[PDB]
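Fold and contact review
What follows is the residue order along each chain.
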Amino acid sequence: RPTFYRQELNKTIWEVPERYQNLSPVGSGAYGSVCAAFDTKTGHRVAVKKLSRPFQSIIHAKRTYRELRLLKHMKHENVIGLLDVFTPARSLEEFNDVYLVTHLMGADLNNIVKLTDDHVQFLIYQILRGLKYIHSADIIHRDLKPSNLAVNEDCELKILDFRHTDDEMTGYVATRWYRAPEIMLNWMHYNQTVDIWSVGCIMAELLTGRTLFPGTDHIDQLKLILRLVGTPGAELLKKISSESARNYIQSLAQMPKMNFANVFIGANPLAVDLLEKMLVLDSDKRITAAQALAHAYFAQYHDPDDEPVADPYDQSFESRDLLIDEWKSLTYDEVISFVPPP
Ligand SMILES: Cc1ccc(OCC(=O)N2CC[NH+](C)CC2)cc1
Ligand SMILES: Cc1ccc(OCC(=O)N2CC[NH+](C)CC2)cc1
Ligand SMILES: [Cl-]
Ligand SMILES: [Cl-]
Ligand SMILES: [Cl-]
Ligand SMILES: [Cl-]
């Protein structure tokens, strides 16, 4: 066990191993607080997050366990990984606080977004390489958007930030602009094809410099989507499971899918083709991450021997009913069993 030292930064007590020096606040919120630091053991600049109220309810305790399980599993060049996890507690009985450590990330895609076609190829390639890995473990990201994609000075990219309130999704908000239409109004339960819809929205924005579907509310956004990709046809309508969805969509005048070469004027024809394959209304028919990596748009970067899959991820805990102290003990076990990367 390392020696810990204490300090107060912006009215919060931080107790961390001596290896972490020069802590300085970088943000806070309902989730907790985050500090940048220098890790003297690895020489990396790091982000240290202290969770707030990690075991305040059953929902909160299960969410703390879920985050730690997901971060401990991720081991891929284009996905955030866990450098360390610690608690100052010496026993389960005095266990209360959890701290998570990752590489300190600089810019996100929001800040970067002059993007040439070569830049778009490399950025979207890396997103899809990371998504092939995530999806191979049967993990769904569910919230892909530019602020959740970190990028360094050499255009290298990592996916991060794997529930949002109803108020957070209301109105003219980027928190909703990248969501697939089948989940935006809860017509359907999540499945991994929703992440490919988000990639299409992000890729379009990198090519044009503009949000693809900047709706002022859920209904406005659906109308923007259906104008581009068309109203549902006979084949898809037959498959729609929600009755209130069926009835509302049938109230809209029918519209054909637009010509994407006239929407994305001047773009690489291979980029237009890939966008037509991601932005399909019927989610069954969307291209997958593994299929997209082999599309000719990525000819300069595709290497089928260097696009790895993930170890299996057991999420049977998601359907388990446990008490707060049982979720807390499971979390404690995962803290003390952590093994750092080489
Ligand atoms: C060391 C570390 C580990 C995991 C982290 O997760 C990001 C996070 O907590 N949030 C980012 C997105 N905000 C909406 C809420 C806060 C952050 C730092
Ligand atoms: C056959 C082909 C290959 C790559 C392409 O990328 C777009 C491009 O190079 N442009 C530069 C000139 N701008 C006016 C529009 C964007 C476009 C066509
Ligand atoms: Cl130490
Ligand atoms: Cl990382
Ligand atoms: Cl503690
Ligand atoms: Cl597992």
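The structure reproduced in this document is the subject of the present report. (Residues numbered from 1 in each chain as written, not as in the entry; some residues may be left out. Chains lettered and ligands numbered in written order. Heavy atoms only, no water. Residues with missing side-chain atoms left out of burial classes, pairs and counts.)

Moving on to the sheet that holds strand β6 (residues 84-86). Pairing is antiparallel across the open sheet formed by 5 strands, whose spatial order is β3-β4-β5-β7-β6. Two strands close off the open sheet at either side, each with one partner strand: β3 (20-29) and β6. Between one strand and the next, the sheet's axes are offset by a mean angle of 25°, whatever the strand orientation. Here 7 bridges tie strand β4 (residues 32-39) to strand β5 (residues 45-51), and the two strands are oriented antiparallel to one another. Residue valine 34 lies in a different strand from β5, and its bridge partner there is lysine 49. (Pairing = 2+ DSSP bridges. Helix = DSSP H or I, 4+ residues; strand = E, 2+ residues; numbered from the N terminus. Axes fitted to C-alpha atoms, helices over the stretch in contact; angles between N-to-C directions.)

Our focus in this paragraph is the site of ligand 1. As a matter of local geometry, ligand 1 sits amid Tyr31, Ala47, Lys49, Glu67, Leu100, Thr102 and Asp161. Here ligand 1, which alone exposes 440 Å², has 63% of that area covered by the protein. Sorting the residues of the shell around ligand 1 by element identifies β5 and β7 (99-103) as the ones contributing at least two each. Across the shell around ligand 1, the residue classes break down as 3 nonpolar, 1 polar and 3 charged. (Near = heavy atom within 4 Å. Areas by Shrake-Rupley, 256 points an atom, 1.4 Å probe, with all protein chains shown as cover. Nonpolar A, V, L, I, M, F, W, Y, C, P; charged D, E, K, R; others polar.)

Turning our attention to the environment of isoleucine 139. Within the secondary structure layout, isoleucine 139 lies in the loop between α3 (117-136) and β9 (149-151). As a C-alpha pair, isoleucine 139 and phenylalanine 162 span 23 residues in sequence and 9.5 Å in three-dimensional space. If sequence neighbours within four positions are ignored, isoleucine 139 has contacts with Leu70, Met74, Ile134, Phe162, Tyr313 and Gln315. (Contact = heavy atoms within 4.5 Å.)

As a further point, take the sheet that holds strand β8 (residues 107-108). Strand order in the open sheet made by the 3 strands is β8-β9-β10, with antiparallel pairing throughout. Single-partner strands in this sheet number two, and they are β8 and β10 (157-159). As defined by bridge partners, β8 adjoins β9 across 2 bridges and the pair is classed as antiparallel. Residue pairing for β9: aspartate 108 is matched across the bridge by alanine 150. Across the sheet, α3 lies against β9 and β10, angled at about 35° from β10, the strand it touches most.

The next point concerns the pairing of β3. The side chains of a regular strand alternate, residue by residue, between the two faces of the sheet. For β3 and β4, the ladder comprises 7 bridges, and the chain directions are antiparallel. Looking at β4, one finds that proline 25 is bridged to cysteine 35. Where β3 folds back on β4, the antiparallel hairpin that results is connected by 2 residues.

What follows covers empty space enclosed by the protein. By volume, the second largest cavity amounts to about 70 Å³. Considering the residues around the second largest cavity, the lining is formed by 13 residues, among which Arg142, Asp143, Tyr178, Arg179 and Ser198 are closest to the centre. For the lining of the second largest cavity, the elements supplying multiple residues, two or more each, are α4 (174-177) and α6 (193-208). Tallied by class, residues from the lining of the second largest cavity come to 5 nonpolar, 2 polar and 6 charged. (1 Å grid on protein atoms, 1.4 Å probe; cavity = no way out; pocket = protein on both sides within 12 Å on 5 of 7 lines; lining within 4 Å. Points joined across faces, edges and corners; volume = space filled by probe spheres on them.)

Turning next to helix α7 (residues 218-229). Under the 1.5 Å per step criterion, the end-to-end length of α7 is 17 Å for 12 residues, consistent within 8% with the ideal 16 Å. Turning to α7, its buried residues are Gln221, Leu222, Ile225, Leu226, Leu228 and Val229. For α7, the angular spread of buried residues about the axis comes to 160°, placing them on one side. Where α7 is buried, its residues meet α4, α5 (181-184), α6, α9 (243-249) and α10 (260-263). Between the side-chain oxygen of the N-cap and the backbone nitrogen of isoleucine 219 there are 3.1 Å, and the N-cap of α7 in question is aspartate 217. (Expected span 1.5 Å × (residues − 1). Buried < 20%, exposed > 50% of the residue type's maximum accessible area, 1.4 Å probe, protein only. Arc of directions from axis to C-beta. Polar contact = N/O pair within 3.5 Å; in protein donor to acceptor, adjacent residues only side chain to side chain.)

Counted according to the given criterion, the structure contains 16 aromatic pairs. For the ring pair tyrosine 20 and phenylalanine 86, a centre distance of 5.8 Å and an interplane angle of 25° mean the geometry is stacked. With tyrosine 20 in strand β3 and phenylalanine 86 in strand β6, the pair connects residues that are 66 residues apart, well separated along the chain. Exposure remark for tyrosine 20: the relative accessible area of 1% places this residue in the buried category. We classify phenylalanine 86 as buried; its relative accessible area is 6%. (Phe/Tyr/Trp six-rings, centres within 6.5 Å; stacked < 30°, edge-to-face > 60°.)

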